[PDB]
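Q: Below you will find the structure I want to go over with you.
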Amino acid sequence: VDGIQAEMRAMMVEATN
Amino acid sequence: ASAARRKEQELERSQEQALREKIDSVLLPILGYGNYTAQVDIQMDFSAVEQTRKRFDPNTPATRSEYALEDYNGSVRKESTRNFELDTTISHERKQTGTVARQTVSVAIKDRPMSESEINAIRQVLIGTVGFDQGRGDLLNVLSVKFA
Amino acid sequence: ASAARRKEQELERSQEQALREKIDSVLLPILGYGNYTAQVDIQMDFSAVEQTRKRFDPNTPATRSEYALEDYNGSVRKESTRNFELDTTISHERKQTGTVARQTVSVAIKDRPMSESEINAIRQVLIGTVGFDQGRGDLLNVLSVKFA
Amino acid sequence: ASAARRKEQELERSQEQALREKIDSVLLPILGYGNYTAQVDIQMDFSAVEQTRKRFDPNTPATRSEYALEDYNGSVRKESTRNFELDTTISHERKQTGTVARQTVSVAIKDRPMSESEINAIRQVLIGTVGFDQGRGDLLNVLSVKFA
Amino acid sequence: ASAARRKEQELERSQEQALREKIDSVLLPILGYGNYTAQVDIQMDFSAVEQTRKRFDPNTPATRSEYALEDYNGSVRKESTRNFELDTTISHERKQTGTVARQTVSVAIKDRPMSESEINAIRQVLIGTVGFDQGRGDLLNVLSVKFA
Amino acid sequence: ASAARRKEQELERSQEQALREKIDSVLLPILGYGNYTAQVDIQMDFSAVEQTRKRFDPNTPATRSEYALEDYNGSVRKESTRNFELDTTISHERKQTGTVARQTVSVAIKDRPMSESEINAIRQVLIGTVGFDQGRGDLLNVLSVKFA
Amino acid sequence: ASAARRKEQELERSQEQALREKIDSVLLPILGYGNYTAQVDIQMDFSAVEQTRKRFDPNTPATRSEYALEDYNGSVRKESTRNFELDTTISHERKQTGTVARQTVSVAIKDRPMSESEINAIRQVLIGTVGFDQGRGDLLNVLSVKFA
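Protein chains in written order, with the working numbering: chain H, 3 to 19; chain U, 87 to 234; chain G, 87 to 234; chain Y, 87 to 234; chain B, 87 to 234; chain C, 87 to 234; chain Z, 87 to 234.
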């Protein structure tokens, strides 16, 4: 849910970095 | 879905058969043909657990911004504002459906009885032959009985 | 849906038959042909439980932002504002429909009676032959009766 | 829907027949042919229960945000505001329609009578042969009567 | 998905077979043909863990902007505002599905018994032959038993 | 994905075979044909780590803009505002999937035993023949056993 | 990607083969045919590092604009505003994927033994024959063993 979406956003931050 | 339940029963029976085959492959040389009997019960859970954990680290914060006002006169006013950054772990786990939740194995050895030392040695071989896991709730009985 | 109920009855009967087959495979060598009789009752629940748990960790909070005003004069004013981050576990479980809720096994051994030691040994073999689970409410009776 | 009720009656009768078959399979060797009679009544509920439970954990709250004002002068003002996060379990269960709500079994044994010990032994075999469940309200009568 | 579970069972059995082949390749020259028996149990987890960690470095901050007001009169007012930059590591890990969670190996050596020194030497060879990992919970039994 | 797991098993077995080939290529001249036996276990991790690190240099800041007000009267007011530029390293690393996490090698030498000096010399040759890495957790056993 | 891992294994094996060829080309004239054996282990990292560094020069700033107010009365007010320009280096590096992270070479020389001086001379030749790099963690063993 919200926590999983936050995890996905963190992975997206990783990809952008 | 009842077909799925049928195939789950098939999976459990297949596991039991494989364990019985291994038991035979170990005990047939050691004991001989027809000098033992063994049966195996395997109970398998088929839940659909799916867990998401979000863990922090309270004891190692990193200050991002900070304000600190400290005036005197007597009067002593100590205002403070602080923002922190914390270690954040987000783990999403998805367990496998069918897992052996409990395993029961019983072996009966034909008399002519067997000494305690050899019974315990056979038990030690089986532990490892079957993958005995007491912490899982598994049970392993080895008895010396009189075959008719 | 009544066809589904019929197939559930079929599943229960199949489980009972399999357990009876295992009982025979164990007792036929030990006791012989026609020296025993055994029947098995298996009750299976077919509910559709589906649970979602959201658990926190009260004892390890991590401060995210913090404000603290503490002025003196006498007068002592201690204002404070605090925001926390907590460990959050979110687990979604979906139980399997048909699960053995209770298992009953009874075995009767033909007399000529049987000693208590051998009765208990047969009981020990069955425990593991069938997968006896007392905590589930299962029941296992072994008696020595007079066949006609 | 009356066709559904007819098939429910068929299900109940099929269950009774299966239990009678098991009773015969157990008692025919033990007692013999024509030395006993047994009949089984099975009452099955066909409701459509569907429950949703939302449970919390009052004794382990986790503070999310917190405000606390405590000033002195005498005058003592203690303001406080607190927000909590609680363990939340949400379970949706859907019971199976047809469930055996009560089971009645009666067995009559032909005289030449039977001793109390053997009557109780037969009762013990039946308990497990049928899956006797007293907590469900089931009833099991074993009598020794004079056949004509 | 039950086909996937079947293929997982196949993977586990294949691993066990490979380990048995290696055990044979080591022990057949050392002990001989038919002087030993060995069986291997391999339990493999098939979860789908996927973790994201965001870690900071509290003890090495770098000041980005800074304001500092410090006036006297007596009265001493020390205002301060500070912004920091911190070391930020963001690691996304995705574990492999099937991993050997526990490994059990048992080897039985035919008597004519074996001395403790040679038993321990065989155990040392197996440690490395199989890849014994006690920290994983693996178990390795080597016994000297009497073959029939 | 289970096909991928199968090919991972194939990769591990291929690595083990290659290491065994190298072991043979070294020991066959030194010891001879049939005077030794050796087996290799290779455990390979197949995670998907992908890390991003953003590191600063706190101890060498460079002032970009600066304001400094310092008035006296007695009263001493020292206002100051400062902006900094810092060394910024941003490294994105992506680890290779399959990496040897632990390596176990065991070699058994046929007796007629071997002296400690030659055992240690063989161990030294193997260290470098296999690429022994103790810091990785690798293990290398060399024993002198009695072949049958 | 597993095909990529296979080709990485091929690259490592090719490197090892080339180093072995060079070792032979050096030692075959010096020692002779069949008087030595040597094996090479090469471990290669295949990460995907990609770094961006932004470095400044704190100790050589260049003032771009400047304001300075300095009034007296007693009262002494010293206001100042300053803007700086700094040396800025921005380097983007992208490391090559496959790099030899550790290299292990072991050479065994047939006895009839070899003196320490000649062993060290052979070691010196190999250092340069292989490109020995101790700072990388490489290891080079040269032993005098008894060939069978």
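Every residue, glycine too, gets a C-beta built ideally from N, C-alpha and C.
(1) Suppose only complete runs of 4+ residues qualify. What are the alpha helix (DSSP H) ranges in the region 105–129 of chain U, listed by chain order?
(2) What are the residues in the region 194–226 of chain B lying within 7 Å of chain U by C-beta distance?
(3) With a threshold of 7 Å, establish whether the CB of Y/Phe233 neighbours any heavy atom of the ligand MG.
(4) Three-state secondary structure (DSSP) at Z/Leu172?
(5) List the residues of chain H that B/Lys140 touches, going by C-beta distances under 7 Å, in chain order.
(6) Kindly list the residues whose CB is nearer than 7 Å to the CB of U/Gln137, restricted to its own chain and excluding five residues on each side of it in sequence; keep chain order.
(7) Of all the residues that make up the region 144–178 of chain B, which are near chain C by a beta-carbon distance shorter than 7 Å?
(8) Using the three-state DSSP reduction, which class does Y/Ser161 fall into: helix, strand or coil?
(9) Would a check of beta-carbon distances place G/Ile128 closer than 8 Å to chain U?
(10) Short check: CB of U/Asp127 to CB of U/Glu96, under 8 Å?
(11) For the beta strand (DSSP E) that contains C/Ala154, what are its first and last residues?
(12) Measure the alpha-carbon distance for U/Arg92 versus C/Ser88 and round it to whole angstroms.
(13) With a threshold of 16 other CB atoms inside 10 Å of the CB of B/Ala124, please say whether the residue is buried or exposed.
(14) Taking 8 Å as the cut-off, decide whether the C-beta atoms of Z/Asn169 and C/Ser166 are in contact.
(15) Please decide whether C/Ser133 counts as near chain B, where near means a Cβ-Cβ distance under 8 Å.
(16) For the pair the region 186–199 of chain Z and the region 221–234 of chain Z, tell me if three or more CB-CB distances fall below 8 Å.
(17) Taking C-beta to C-beta, are C/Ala148 and Z/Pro147 nearer than 8 Å?
(18) In chain order, what residues of the same chain have a beta carbon less than 8 Å from the beta carbon of G/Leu212, not counting five sequence neighbours either side?
(19) Quick check on the DSSP output: the alpha helix (DSSP H) that includes H/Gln7 runs from which residue to which?
(20) Which one or two residues does DSSP pair with Z/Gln189 in a beta bridge?
(21) Between the C-alpha atoms of B/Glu98 and C/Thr185, what's the straight-line distance to the nearest angstrom?
(22) Helix, strand or coil for G/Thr138? Go by DSSP, reduced to three states.
(23) Using DSSP's beta-bridge definition, name the partner residues of U/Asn227.
(24) Is it buried or exposed, Z/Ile176, if we count other Cβ atoms within 10 angstroms and call 16 or more buried?
(25) Taking Z/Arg222 as part of the alpha helix (DSSP H), name the residues at either end of that continuous run.
(26) Distance check for Z/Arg139 and C/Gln189, CA to CA, integer angstroms please.
(27) Can you list the residues of chain B that C/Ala87 reaches, using a CB-CB cut of under 8 Å?
(28) So with CB distances below 7 Å, who are the chain C contacts of residue 64 of chain H?
(29) With H, G and I counted as helix, E and B as strand and the rest as coil, what does DSSP make of Z/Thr215?
(30) Cutting at 8 Å between CB atoms, please list the residues of its own chain near Y/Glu94, excluding the five before and the five after it.
(31) Under a CB-based cut-off of 8 Å, is C/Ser111 close to chain D?
(32) Would DSSP call C/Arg180 helix, strand or coil?
(33) Please confirm if C/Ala124 has its CB atom under 8 Å from at least one CB of chain Z.
(34) Return helix, strand or coil for G/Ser88, following the three-state DSSP convention.
(35) Indicate the three-state DSSP secondary structure (helix, strand or coil) for Y/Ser100 in the structure shown.
A: If we stick to the structure as given:
(1) As far as the region 105–129 of chain U is concerned, it has no whole alpha helix (DSSP H) run of at least 4 residues.
(2) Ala194, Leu225
(3) In terms of ligand content, the structure shown is empty, and the ligand MG therefore cannot be addressed.
(4) The sequence position of residue 172 of chain Z within the seventh sequence is 86, counting from 1. It is coil, neither helix nor strand.
(5) Residue numbering aside, residue 140 of chain B sits at position 54 when the fifth sequence is read from its first letter. The contacting residues are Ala12.
(6) By 1-based counting over the second sequence, the position of residue 137 of chain U is 51. Hits under 7 Å: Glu179.
(7) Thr146, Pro147, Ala148, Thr149, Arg150, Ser151, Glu152, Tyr153, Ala154, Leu155, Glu156, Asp157, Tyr158, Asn159, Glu171, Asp173, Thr174, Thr175, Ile176, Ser177, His178
(8) On the fourth sequence, position 75 is the one that residue 161 of chain Y refers to. Looking at Y/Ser161 - three-state DSSP - the assignment turns out to be coil, as it is neither helix nor strand.
(9) Within the third sequence, the letter at position 42 stands for residue 128 of chain G. Answer no: the Cβ-Cβ gap between G/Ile128 and chain U never drops below 8 Å.
(10) Taking the second sequence and counting its residues from 1, the one referred to as residue 127 of chain U is at position 41. Taking the second sequence and counting its residues from 1, the one referred to as residue 96 of chain U is at position 10. Not closer than 8 Å, so no.
(11) The count along the sixth sequence starts at 1 and reaches residue 154 of chain C at position 68. Start and end: 148–158.
(12) On the second sequence, residue 92 of chain U is found 6 positions in, with the first residue counted as 1. On the sixth sequence, residue 88 of chain C is found 2 positions in, with the first residue counted as 1. Cα to Cα, U/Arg92 sits roughly 23 Å from C/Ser88.
(13) If you number the fifth sequence from 1, residue 124 of chain B lands on position 38. Per the 10 Å Cβ criterion, buried.
(14) In the seventh sequence, the residue the question calls residue 169 of chain Z occupies position 83. In the sixth sequence, the residue the question calls residue 166 of chain C occupies position 80. Cβ atoms of Z/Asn169 and C/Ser166: not closer than 8 Å.
(15) Residue mapping note: residue 133 of chain C aligns to position 47 of the sixth sequence, counting from 1. At least one chain B Cβ lies under 8 Å of C/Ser133.
(16) yes
(17) Indexing the sixth sequence from 1 puts residue 148 of chain C at position 62. Indexing the seventh sequence from 1 puts residue 147 of chain Z at position 61. Yes, these two residues count as a Cβ contact at 8 Å.
(18) Numbered from its first residue, the third sequence carries residue 212 of chain G at position 126. Excluding sequence neighbours, G/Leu212 sits near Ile109, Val112, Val191, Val193, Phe218, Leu226, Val228.
(19) The count along the first sequence starts at 1 and reaches residue 7 of chain H at position 5. Note, H/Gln7: alpha helix (DSSP H), 4–18.
(20) In the seventh sequence, counting from the first residue as 1, residue 189 of chain Z sits at position 103. Paired residue(s): Z/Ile128.
(21) Numbered from 1 along the fifth sequence, position 12 holds the residue referred to as residue 98 of chain B. Numbered from 1 along the sixth sequence, position 99 holds the residue referred to as residue 185 of chain C. Straight-line Cα distance between these residues: approximately 21 Å.
(22) For the purposes of this step, residue 138 of chain G is identified with residue 52 of the third sequence, where counting begins at 1. Note: G/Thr138 maps to strand in three-state DSSP.
(23) Locating residue 227 of chain U in the second sequence gives position 141, where the first residue counts as 1. Paired residues: U/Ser192.
(24) By one-based count along the seventh sequence, residue 176 of chain Z stands at place 90. Exposure of Z/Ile176 is indicated by the presence of fewer than 16 other C-beta atoms within 10 angstroms of its C-beta.
(25) For the purposes of this step, residue 222 of chain Z is taken as residue 136 along the seventh sequence, with counting starting at 1. From DSSP, Z/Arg222 is part of no alpha helix (DSSP H); its letter is neither H nor E.
(26) The sequence position of residue 189 of chain C within the sixth sequence is 103, counting from 1. The sequence position of residue 139 of chain Z within the seventh sequence is 53, counting from 1. Going from the Cα of C/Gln189 to the Cα of Z/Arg139 covers about 37 Å.
(27) Along the sixth sequence, one-based indexing puts residue 87 of chain C at 1. Per Cβ cutoff of 8 Å: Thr183.
(28) Chain H is shown from 3 up to 19; residue 64 of chain H falls before or after that span and cannot be answered.
(29) Numbered from 1 along the seventh sequence, position 129 holds the residue referred to as residue 215 of chain Z. Three-state DSSP puts Z/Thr215 in a helix.
(30) Residue numbering aside, residue 94 of chain Y sits at position 8 when the fourth sequence is read from its first letter. Contacts found: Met130, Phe132, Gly184.
(31) Within the model displayed, chain D is absent; protein chains H, U, G, Y, B, C and Z are what it includes.
(32) As a position in the sixth sequence, residue 180 of chain C is number 94, starting the count at 1. It is a strand residue.
(33) Here residue 124 of chain C refers to the residue found at position 38 when the sixth sequence is read from its first residue. False, the Cβ-Cβ gap to chain Z never drops below 8 Å.
(34) Start at 1 with the first residue of the third sequence, and residue 88 of chain G comes out as number 2. Looking at G/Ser88 - three-state DSSP - the assignment turns out to be helix.
(35) Counted from its first residue, the fourth sequence places residue 100 of chain Y at position 14. Reduced to three states, the DSSP call for Y/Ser100 is helix.
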